[PDB]
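With ideal geometry, Cβ positions are generated from the backbone for all residues, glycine too; neighbour counts draw on all protein chains shown. FYI, it's all coordinate maths here, none of it is from the lab.
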Amino acid sequence: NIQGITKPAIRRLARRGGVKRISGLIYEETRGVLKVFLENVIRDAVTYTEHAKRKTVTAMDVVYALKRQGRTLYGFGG
Amino acid sequence: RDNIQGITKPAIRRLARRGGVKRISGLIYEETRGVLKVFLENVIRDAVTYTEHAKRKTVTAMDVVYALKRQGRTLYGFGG
Amino acid sequence: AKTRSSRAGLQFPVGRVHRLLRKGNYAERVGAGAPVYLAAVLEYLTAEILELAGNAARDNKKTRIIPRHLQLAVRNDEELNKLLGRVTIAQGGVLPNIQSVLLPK
Amino acid sequence: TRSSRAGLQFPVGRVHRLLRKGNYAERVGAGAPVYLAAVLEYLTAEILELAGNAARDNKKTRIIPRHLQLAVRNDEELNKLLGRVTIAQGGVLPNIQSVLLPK
Amino acid sequence: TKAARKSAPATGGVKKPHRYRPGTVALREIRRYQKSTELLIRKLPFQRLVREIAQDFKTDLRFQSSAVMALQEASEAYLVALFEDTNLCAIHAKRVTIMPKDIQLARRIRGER
Amino acid sequence: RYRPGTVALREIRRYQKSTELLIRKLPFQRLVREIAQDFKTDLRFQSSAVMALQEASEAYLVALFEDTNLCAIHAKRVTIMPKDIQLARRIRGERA
Amino acid sequence: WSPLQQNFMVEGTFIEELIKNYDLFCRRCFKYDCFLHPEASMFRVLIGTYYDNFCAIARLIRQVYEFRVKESXXXXXXXXXXXXXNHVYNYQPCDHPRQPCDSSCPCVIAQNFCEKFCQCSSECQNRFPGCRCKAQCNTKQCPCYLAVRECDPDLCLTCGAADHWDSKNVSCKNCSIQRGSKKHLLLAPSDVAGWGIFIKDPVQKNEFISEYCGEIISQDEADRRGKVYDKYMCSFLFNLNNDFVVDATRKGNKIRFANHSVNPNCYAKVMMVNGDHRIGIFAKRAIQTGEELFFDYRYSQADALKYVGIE
Amino acid sequence: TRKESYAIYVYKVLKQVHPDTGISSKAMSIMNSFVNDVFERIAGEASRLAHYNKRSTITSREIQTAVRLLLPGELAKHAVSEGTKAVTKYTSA
Amino acid sequence: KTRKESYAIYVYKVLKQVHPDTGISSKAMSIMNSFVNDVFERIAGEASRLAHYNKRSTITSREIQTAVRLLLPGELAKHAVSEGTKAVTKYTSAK
Amino acid sequence: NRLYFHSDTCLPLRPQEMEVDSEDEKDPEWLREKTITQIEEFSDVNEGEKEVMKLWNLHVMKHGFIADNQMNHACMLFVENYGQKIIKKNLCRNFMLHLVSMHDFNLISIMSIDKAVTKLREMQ
DNA sequence: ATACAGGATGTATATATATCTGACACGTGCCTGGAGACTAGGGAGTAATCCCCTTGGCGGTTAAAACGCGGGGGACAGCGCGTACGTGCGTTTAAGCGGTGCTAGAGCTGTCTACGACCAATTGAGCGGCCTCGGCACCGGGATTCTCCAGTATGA
DNA sequence: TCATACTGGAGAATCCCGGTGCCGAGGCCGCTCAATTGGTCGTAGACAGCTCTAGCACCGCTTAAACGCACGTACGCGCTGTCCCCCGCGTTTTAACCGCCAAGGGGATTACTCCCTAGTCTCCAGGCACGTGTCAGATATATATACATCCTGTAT
Ligand SMILES: Nc1ncnc2c1ncn2[C@@H]1O[C@H](CSCC[C@H](N)C(=O)O)[C@@H](O)[C@H]1O
Ligand SMILES: [Zn+2]
Ligand SMILES: [Zn+2]
Ligand SMILES: [Zn+2]
Ligand SMILES: [Zn+2]
Ligand SMILES: [Zn+2]
Ligand SMILES: [Zn+2]
Ligand SMILES: [Zn+2]
């Protein structure tokens, strides 16, 4: 579930961000922020899909949801 | 020329008191003037472009409102 | 009921919204039910804003609403603050907020 | 055709049809599609030139998305334009802060 | 020569002027400016600066007072928000006085270049 | 035995050179399905959409961690703290 | 000794050296030549104060007109000035014909504030303003208490100096010398030195006991009399200031009988009251009935005041 | 010359929710600008949805989805209920 | 089948014109197509905003020039304006 | 019992005889005679300007006026008490001169010059 | 002889209060954009069919995940300090209100047209499907280059 | 004579070369449908002209705030010391991914009808500016109030 983001995963994400030393109370905050972001983008995608009268979420819906949030993403035919 | 010095020390002091600053250093005025100049240059460039596109010689308020909306700084109280 | 707004029990003009959508170049054809829905949504939004402004004015013992009351009503709410995040109000001001660390013992 | 009449590579007809069906205005001028195609061609030419330079700098023949990310992030005007734009399989610039470096 | 006089002179002294401690006037001004909503930047100098900046893009330009007032309001709001973010950053630094590096970090996090 | 900090910089260089996905697929997909279950049950997703969501989340987290590192270096410290992430999200305007 | 309520201004080898040494109205007191400070005509006088007020110029003596035709924050600022500007001098009024009070003013020269008797400007920064207190104002915080001066019955309009005068017991406890409200005293043979004075009723700490009245004499007369008084081993001299000295031997008050005790029950203040330097005695501590009064003469040499032997 | 505004309707709403309450001209201009901004946002969202769905018609469903996407949960739910009630009252007569 | 549109042929032609001995993958091609579409929709939106601000229902080359000057930085916008003016000249020479 | 004594007269104080008397009252008695004999000493003080001063001095000594605001009430008391004697000695106009002086010194309001000459002459 | 608490005292300050006015509320006329009524026709809802794109299950194996030791560099508490900022006051200097003249530019209107929309034919530039290969991915091996430990010359 | 700095040297994760294999891309062939051409009719927009209106230089006077200077102070930085918590490594566990095989149902596509709205002609009152009355609040004066701050009394 939410614990699928293991400690070494967040460790590698921090190494990618340039973090040298990490405390033991950062994982919960990172998990919360990721959950909030995923909930927002999933709500947007689900709304676009429900307006399309379909039952499957494609990639164009995710691209539109990211573009609407000012996070336009390339590489999927947007 | 030299109108950049028109932003006096007490003006920036009051702006910081409004922002909640308690203690201010003596090296903030140059940075504040630079940031204000950058912001003014951006919005003035946008407004001048909109005015040149309108084939007019006077800059109205609708142009400034549009320039602020384009920069993600939508301002209310002037129509549009 | 000659005015469609009376036919829907609203106060916002449906004809003006329909004309703005036709001349707005937003689409090729315009539906019939869209202007009524838009007018109802706008009326509900402005009613909420005016309710908060009236509450703030009664909180300040005044009869005429000033932009300060509007600023306080917008900043005191959570959903309206999230909506009008990148929106500035002239003569609005900031909320009287003071951090805890600056207070003495 | 019309692209040969202007000495360009981008299709003018496709752009004109997209502007007609784009619902941007009632009528479309004749010189607007040529101008738009020329601007887009210049932009993509700049991007491809920077990508080719980065690929020759990395001793490669085919451009990978990493080269595009490096070319966009190394430039100033492209970085200012594509500020809120992310690229898949792009990566980050090799930046390390000075305080984290040892003695 | 000198007489055996009895004297108890107390020099005394005047009272010092009433002097506030540093930081009180700052909080008083903070409350006063957060209550009021008037423009902290005056009109004439800001207008002359705006005219000088617009002179570089095109000469012989005219502006309406409403446009200048809108520009002043927008600039004041932007500066107030930037100063609030700078104060937050300075508070995070376990300090009270703001420094130019705080403004640099605020503009860096906002993504402004 | 290496000294602390060398492996960190080595891993920084290694992860900045490569571009693969640090987060694996199945757990992220299960998390996405659990989050989407609250809005509507009995939903199906394409692998391309899950991959795009993973790419967007990784890019957003990388940018946030870079901003947090900038804030921690500006704070005259080296170790990052949750208050650094909170200040970064407050200055970016993503928090009320 | 004559009884006095107010001070009185007056203008073998030992004997050899003593012989060698020999070779109109007073606004300040409201009387005529005091001892503390060194129809035609009718109409001519009335015009000097009425300025063509015929209605009164005549009632006080047409006719008058005929004869006429015929003849034809701030307070704090002053505190700063005091800071900017133990020998003490006597106050004297200042008069500036065509200038305000400046460094050349006699007052600031003598390092003293301007008083209501000074003819200087009303807002003269050198003029000492009263206190804005709400009570007795006997604490250091009171500018009138810090500055030993007593409160003025016309400036300190809050603490009560200007209140009713019959009831000498008034709110402001910084006007005793003005009224002269001193406790009842009794003269009896002192258990310390000859005669002495005891207080009839009990008193509390820092309570105004009584004023030490005595003649005011020049500084040279001070030593001239003190020589013979020391020869007598008995002296009542008491330096008032660089200008004059107090001598109550010939005339004074009962309090004059006060003795000295290095551990006394009373202490002396050289207080400036209404521009007059006066010696007051206050209760250094709670004193009960019958106790004798003492205070530190502050002598530098114990020529005769070393007997002690008193509990 | 002539120009449009929204003063009468805003004043009517104010008197309906607060009879003994006034308003200044600056607040009226602010409300007008806010109404125009919300209107243009919803119209732009509807046009984007119409172009994404390859449909050249803007019905009440597109507006409903746009107001669901643009506003937070409780506010969007209240707006959707109000819009559905208004559509019902309009289709009745 | 669905006859979808793209920009692969033109991008490949431009690449071969500026770099004959240089390849490209399909992912980079999709990225370039998305970038072209984004720039196109931004410029179209700017042109529409200018036409609506000026109360005119026609989009000419002047609106596009002003939009590209507003959206791009100084040197890039100057180069794009020069390219657009050259293209307009070449198009107006013939018919 | 401690035995106390009078200061003027060192006779002992009997337990019934005390009859409480400060003997250090507001004004001493010898001073009044001193003032009377000192005013007369003034050469160049016309007979009238010698009596009215003595009367005034004795009056203020008797009542002990300290303040300026008292001087209106003081000039009123001086007629309530010494006016009869002023009329007996024909010092009315010198008393008017006195009232004018007192007004010049800023002690009395101008309405009390008239009110005083009125009260004095109203009992004539 | 210390340290904390309490009174009081000067300073900034919400609140009564009588006035003047200009922005706010309301009456009035008229026009044009909204309402009525009837029609064509093309976009949209729905029935039917295909399939490919998605979902579900099982075997293995191996890189990734998980747990514990220890440790040394990092986080954090506490004192010195001296300098840069806070507070106050004299000086003045530039900001602000009252009108002053006026003219170049904003805005509305009559007029013509040349550029743009609509439509019939068409064909060639653009798109779906195939196919071979070489630039790139993977792996083994050797040289390369850094990375840490210890000793020796030099300061004080 | 001890602390410190700088140089030498033994030593492990990593770079480069050569070889082998592979699947996505550039060329190719068949295909087809939307851009191109010639032509006509229509009107949004450019152009010239006139009217008005507010942006700007101008001065004059009044005045609160800007400027500079004195004096005091408290905290940002530096330094010290003291505790501790993630990092490097080793050992044990484990499930992600890969490859393969079934299976189905919702998305894409095609054909049918149908109904609602863009359009056109006609007519009217809701809302627009314009004008006018009017009291809520700005303005100014004074008073009660809240409070930061400094000296003094008290307990250990
Ligand atoms: N306690 C004492 N012992 C000896 N002499 C004293 C004294 N107290 C006061 N004196 C002398 O008395 C003089 C002051 S007069 C004091 C009162 C006087 N002794 C009396 O009995 O009435 C001084 O000059 C001093 O020298
Ligand atoms: Zn006298
Ligand atoms: Zn003087
Ligand atoms: Zn004087
Ligand atoms: Zn004086
Ligand atoms: Zn006092
Ligand atoms: Zn006093
Ligand atoms: Zn007093």
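Residues checked against (1) loosely packed, with under 14 Cβ neighbours inside 10 Å; (2) more than 7 Å from every other protein chain (Cβ to nearest Cβ):
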{"site": "E:7", "(1), (2)": "no, no"}
{"site": "E:12", "(1), (2)": "no, no"}
{"site": "E:18", "(1), (2)": "yes, no"}
{"site": "E:23", "(1), (2)": "yes, no"}
{"site": "E:26", "(1), (2)": "no, no"}
{"site": "E:32", "(1), (2)": "yes, yes"}
{"site": "E:39", "(1), (2)": "no, yes"}
Kindly list, by first and then second residue, each pair from a residue in the stretch G:127-148 that is at the interface with another protein chain (Cβ under 9 Å from one of its Cβ atoms) to a residue that is away from ligand 1 (no atom under 16 Å from the Cβ) and part of a helix (DSSP H, G or I), limited to pairs with Cβ atoms under 7 Å and residues at least 6 apart or on different chains. G:140/G:146
Taking the conditions exactly as written (more than 7 Å from every other protein chain (Cβ to nearest Cβ), of a type outside the set (A, V, I, L, M) and surrounded by fewer than 18 Cβ atoms within 10 Å (Cβ to Cβ)), does residue E:101 satisfy them or not? no
Just checking, how many residues over the stretch G:150-166 are buried (at least 22 other Cβ atoms within 10 Å of the Cβ) and more than 14 Å from chain J (Cβ to nearest Cβ)? 1
Within the stretch A:9-26, work out how many residues are farther than 15 Å from residue F:54 by Cβ and surrounded by 15 or more Cβ atoms within 10 Å (Cβ to Cβ). 9
Among the residues of the stretch J:93-111, write down those that are assigned to a loop (DSSP other than H, G, I, E, B) and either on the phi > 0 side of the Ramachandran plot or among the polar types (S, T, N, Q) (or both). J:106, J:109
In the stretch C:27-41, the residues that are at the interface with chain H (Cβ under 7 Å from one of its Cβ atoms) and either of a type in the set (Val, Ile, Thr) or crowded, with 24+ Cβ neighbours inside 10 Å (or both): C:30, C:34, C:36, C:37, C:38, C:40, C:41
In the set A:56, A:72, A:30, A:47, the lone residue that is more than 30 Å from residue D:82 (Cβ to Cβ) and of a type in the set (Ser, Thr, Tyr) is A:56
Filter the stretch G:167-191 down to the residues that are within 12 Å of ligand 8 (Cβ to nearest atom), crowded, with 17+ Cβ neighbours inside 10 Å and more than 10 Å from every other protein chain (Cβ to nearest Cβ) and list them by number. G:170, G:172, G:173, G:174, G:176
Filtering the stretch G:5-27 down to residues that are within 13 Å of another protein chain (Cβ to nearest Cβ), touching an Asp or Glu at 6+ places or on another chain (Cβ under 8 Å) and in a loop (DSSP other than H, G, I, E, B), which residue is farthest from ligand 6 (Cβ to nearest atom)? G:24
Would you call residue G:94 in a loop (DSSP other than H, G, I, E, B) and either out of contact with any strand residue (DSSP E or B) (no Cβ under 7 Å at 6 or more places or on another chain) or not hydroxyl-bearing (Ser, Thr, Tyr) (or both)? yes
Does the stretch C:83-91 contain any residue that is outside any strand (DSSP E or B) and more than 30 Å from residue H:51 (Cβ to Cβ)? yes
Out of the residues in the stretch H:41-68 meeting the condition of being more than 8 Å from chain C (Cβ to nearest Cβ) and more than 14 Å from the chain's Cα centre (by Cα), tell me which one is surrounded by the most Cβ atoms within 10 Å (Cβ to Cβ). H:49
If residue E:70 meets every condition in (1) over 24 Å from residue F:64 (Cβ atoms); (2) of a type outside the set (D, E, K, R); (3) more than 7 Å from every other protein chain (Cβ to nearest Cβ) apart from one, which number is that one? (3)
Cβ-Cβ distance below 9 Å, separation of 6 or more or different chains: which pairs start in the stretch G:160-184 with a residue that is closer than 21 Å to residue G:4 by Cβ and end on one that is within 16 Å of ligand 3 (Cβ to nearest atom) and not in a loop (DSSP other than H, G, I, E, B)? none
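Yes or no, residue by residue, for (1) out of contact with any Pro (no Cβ under 6 Å at 6 or more places or on another chain); (2) closer than 29 Å to residue F:74 by Cβ; (3) within 9 Å of chain A (Cβ to nearest Cβ):
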position	(1), (2), (3)
D:59	yes, no, no
D:62	yes, no, no
D:70	yes, yes, no
D:80	no, yes, no
D:89	no, no, yes
D:92	yes, yes, yes
D:101	yes, yes, no
For residue G:122, which of the numbered conditions (1) within 16 Å of ligand 3 (Cβ to nearest atom); (2) surrounded by 13 or more Cβ atoms within 10 Å (Cβ to Cβ) fails to hold? (2)
What are the pairs with Cβ atoms under 6 angstrom where one residue, in the stretch D:33-44, is in a helix (DSSP H, G or I) and the other, located anywhere, is hydroxyl-bearing (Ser, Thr, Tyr)? Sequence gap at least six, or different chains. D:34/I:91; D:35/I:61
Give I:38, I:21 a once-over and let me know the one that is facing chain D (nearest Cβ under 9 Å) and over 18 Å from the mean Cα position of the chain (by Cα). I:21
Just the residues that are within 9 Å of ligand 8 (Cβ to nearest atom) and assigned to a helix (DSSP H, G or I), please, taken from the stretch G:136-165. G:144, G:145
Please find, within the stretch G:94-113, the residue that is nearest to residue G:25 (Cα to Cα) out of those that are within 14 Å of another protein chain (Cβ to nearest Cβ) and more than 16 Å from ligand 7 (Cβ to nearest atom). G:112
Under 9 Å between Cβ atoms, at least 6 apart or on separate chains: pull out the pairs that start in the stretch B:55-69 with a residue that is farther than 11 Å from residue B:44 by Cα and facing chain E (nearest Cβ under 8 Å) and end on any residue that is in a strand (DSSP E or B) and among the basic types (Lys, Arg). B:57/E:62; B:58/E:62
Subset of the stretch G:208-239 [closer than 30 Å to residue G:289 by Cβ and surrounded by fewer than 16 Cβ atoms within 10 Å (Cβ to Cβ)]: G:234
Tell me the residue from B:50, B:29 that is of a type in the set (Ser, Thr, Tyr) and surrounded by 19 or more Cβ atoms within 10 Å (Cβ to Cβ), please. B:50
